[PDB]
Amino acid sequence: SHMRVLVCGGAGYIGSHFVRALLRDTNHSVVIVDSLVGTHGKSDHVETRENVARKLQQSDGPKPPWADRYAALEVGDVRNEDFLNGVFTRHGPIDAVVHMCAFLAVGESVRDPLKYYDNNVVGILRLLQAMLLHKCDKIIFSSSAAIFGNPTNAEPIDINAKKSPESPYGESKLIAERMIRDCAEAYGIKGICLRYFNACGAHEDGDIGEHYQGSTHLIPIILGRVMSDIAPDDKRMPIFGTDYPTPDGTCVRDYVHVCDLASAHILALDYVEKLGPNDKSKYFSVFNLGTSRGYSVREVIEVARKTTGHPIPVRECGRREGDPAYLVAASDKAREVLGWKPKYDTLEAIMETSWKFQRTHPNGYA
């Protein structure tokens, strides 16, 4: 069932995986608006025409069904109203927006909040304005468990739990959920906010993922440590905080796989597509995306150890500014309403796909 989807931030880690899924498992037409700021200014991994042609070229087994499926690449910043309006016009009419652009370094957001309030909030505000201008009524926004922060009993957080963000990154997601929500009653915009918890894993083909260099996330940062235990003879793995209210001092988290997250967006796209003016108390919804099983920083590292076969010595430090103690998803609503079935349940299987990618990319897409 055809739609023309514009994907902001579509050249990033999570973005690349969603795009892949669109190309492979939908008949949807894809436009990526990305600025490349989160991709060191490069677009080699992006499945453009044009790039997919150069992949079908060098090498061949049996030509797969998805082979001619490619995305357009508009490069520039969504905060640029002039450029963005051009994108909607040239590639329209756009049916739905999947909004995945942001800055996402929780630690950085505390030290430089203006940088986060600007990009994250102003970005979304421009999207909604463009949508309005171009008669576009559907949006999937990449939200985050960072909206919940700490309780005022640590167990799976449902869609409606209290929102006390502990970081300006969390704030900026919540602000955007509010703007989107408010556009529902006012303009009939149909929005689904998806609260990913901790994005992890990589595509089974092992060719796109989150390289450890410049990364701020746990699993990339471990594997990165493993990549230098390997390289020709301080080294150890930093733990941020061991004095949290958890069964082992380490922050606990819910590690969901980028492909399961990808499939949630397709269900979400499908669910907003079938909404009628009849409803319309369903025009805005939210969903928490996670496995529901939690792991602590210490537990994570252990799984890396068994997955890579490497020593990985640790090294404890002080807490990072803006980290809750616990963030584990209750995903009932996603499973009921969207019929979301996450294929990856254990971290071991996810860890496998993250390793497979990293271990084959010593220098990244470079």
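In case it trips you up, residue 1 is the first one in the sequence shown, and so on.
Q: Between residue 233 and residue 234, what class does the number of missing deposited residues fall in: none, 1 to 3, 4 to 9, or 10 or more?
A: Unresolved stretch here: 10 or more residues.
Q: Is there a break between residue 152 and residue 153, and how many deposited residues does it span: none, 1 to 3, 4 to 9, or 10 or more?
A: Count of unmodelled residues in between: 4 to 9.
Q: Mean C-alpha B-factor higher for 211 to 219, or for 140 to 148?
A: Taking the mean B-factor of the alpha carbons in each, 211 to 219 is higher.
Q: When the C-alpha temperature factors are averaged for each of 318 to 326 and 24 to 32, which stretch ends up with the higher value in the entry?
A: It is 318 to 326.
Q: Looking at the C-alpha B-factor values in the deposited entry, which of 201, 76, 245, 113 comes out highest?
A: Of the candidates given, the C-alpha B-factor peaks at 245.
Q: Select lowest, middle or highest to describe the third in which the CA B-factor of residue 81 falls within its chain in this entry.
A: For residue 81, whose C-alpha B-factor we compare with every modelled residue in the chain, the answer is the middle third.
Q: Taking only the Cα B-factors deposited for this chain, tell me whether residue 278 sits in the lowest, middle or highest third.
A: Top third by C-alpha B-factor.
Q: Which third, lowest, middle or highest, does the C-alpha temperature factor of residue 237 belong to within its own chain?
A: Highest third.
Q: Split into thirds by Cα B-factor across the chain's modelled residues, where does residue 118 land: lowest, middle or highest?
A: As the PDB entry reports it, the C-alpha B-factor of residue 118 lands in the lowest third of its chain.
Q: Residue 249's Cα B-factor: lowest, middle or highest third of the chain?
A: As the PDB entry reports it, the C-alpha B-factor of residue 249 lands in the highest third of its chain.
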